[PDB]
Amino acid sequence: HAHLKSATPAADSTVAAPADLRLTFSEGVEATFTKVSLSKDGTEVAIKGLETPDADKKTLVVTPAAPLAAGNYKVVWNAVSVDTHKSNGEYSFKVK
Ligand SMILES: [Cu+2]
Ligand SMILES: [Y+3]
């Protein structure tokens, strides 16, 4: 099972807008089977891509279609690990 070890931006942090979201899991994950929702102040934000760029597949990069406006963001993820298993979670962060 892939558990979220950390993310950038971090849960409950306030940051200047990043270029992408980066979730690091306890196990490798599969970008084709994994799903991620992003919302700002309760409104869906468009995701152009998912990818795991590294050989170990532990960091999932979530690329928004456009630059991230200031606001309160919620991330919902449903992961499929290289070990086949499902996991899911949520966290929130702020773009100042
Ligand atoms: Cu498992
Ligand atoms: Y929609």
Side-chain angles (χ1 to χ4, degrees), residues 1-95:
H1 285 74
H3 309 307
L4 190 60
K5 291 163 60 66
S6 65
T8 71
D12 304 311
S13 77
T14 302
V15 302
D20 49 30
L21 305 193
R22 291 184 184 264
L23 288 59
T24 295
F25 291 94
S26 57
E27 277 168 44
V29 304
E30 304 283 6
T32 71
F33 303 117
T34 291
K35 305 185 215 309
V36 174
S37 323
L38 190 61
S39 72
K40 184 193 90 84
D41 310 315
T43 294
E44 179 176 352
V45 174
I47 306 309
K48 62 137 52 107
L50 295 181
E51 87 140 322
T52 50
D54 313 296
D56 72 24
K57 293 171 73 35
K58 294 203 180 180
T59 311
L60 177 69
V61 179
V62 184
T63 315
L68 293 169
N72 303 306
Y73 281 82
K74 187 137 196 281
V75 184
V76 185
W77 57 267
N78 288 261
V80 173
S81 40
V82 289
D83 86 357
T84 345
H85 298 146
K86 315 288 285 297
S87 58
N88 69 282
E90 63 235 289
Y91 65 95
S92 293
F93 68 80
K94 221 149 306 202
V95 166

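One is the number of the first residue; the rest follow in order along the sequence.
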Q: Consider only side-chain heavy atoms of I, L, V, M, F, W and Y, link residues closer than 4.5 Å, and tell whether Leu23 and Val45 are in one cluster.
A: yes
Q.
If the test is side-chain contact (heavy atoms from CB on, under 4.5 Å), which one of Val76, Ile47, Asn78 qualifies with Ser37?
A. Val76
**Q.** Backbone N/O of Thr43 and side chain of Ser39: donor-acceptor pair under 3.5 Å
**A.** no
Q) Hey, does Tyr91 have a side-chain heavy atom less than 4.5 Å from the side chain of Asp12? A) no
Q. How about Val80 and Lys86: do any of their side-chain heavy atoms sit closer than 4.5 Å?
A. yes
Q | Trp77 vs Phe25 side-chain heavy atoms within contact, under 4.5 Å | A | yes
Q: Taking the side chain as every heavy atom from C-beta outward, state whether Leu38 and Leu21 have any pair of such atoms under 4.5 Å apart.
A: yes
Q.
So, taking the atom named OG1 in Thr32 and the one named CD in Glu51, what distance separates them when rounded to the nearest 0.5 Å?
A. 13.0 Å
(Q) For the backbone of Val29 and the side chain of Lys57, can you confirm whether one donor and one acceptor N or O come within less than 3.5 Å of each other? (A) yes
Q) Is any side-chain heavy atom of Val95 less than 4.5 Å from a side-chain heavy atom of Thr14? A) no
**Q.** Donor-acceptor pair, side chain of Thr34 and main chain of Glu30, under 3.5 angstrom
**A.** yes
Q) Under 4.5 Å between any side-chain heavy atoms of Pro18 and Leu68, yes or no? A) yes
Q.
One pair to check against side-chain contact (heavy atoms from CB on, under 4.5 Å): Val75 and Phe93. What are the steps and the verdict?
A. CA-CA 8 Å; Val75 184; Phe93 68 80; 3.7 Å; yes
Q: With rounding to the nearest 0.5 Å, note down the distance linking NZ in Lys58 to OG in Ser81.
A: 11.5 Å
Q | Polar side-chain atom of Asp83 near backbone of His1 as donor-acceptor pair, under 3.5 Å | A | yes
Q. Can you check side chain to side chain donor-acceptor pair (under 3.5 Å) on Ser6 and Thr24, steps first, answer last?
A. CA-CA 5 Å; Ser6 65; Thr24 295; 4.5 Å; no
Q) Does the pair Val36 and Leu60 meet the rule for a side-chain contact (heavy atoms from CB on, under 4.5 Å), with working shown? A) CA-CA 10 Å; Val36 174; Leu60 177 69; 3.9 Å; yes
Q. Below 4.5 Å, heavy atoms only, C-beta onward: do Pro53 and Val61 meet side chain to side chain?
A. yes
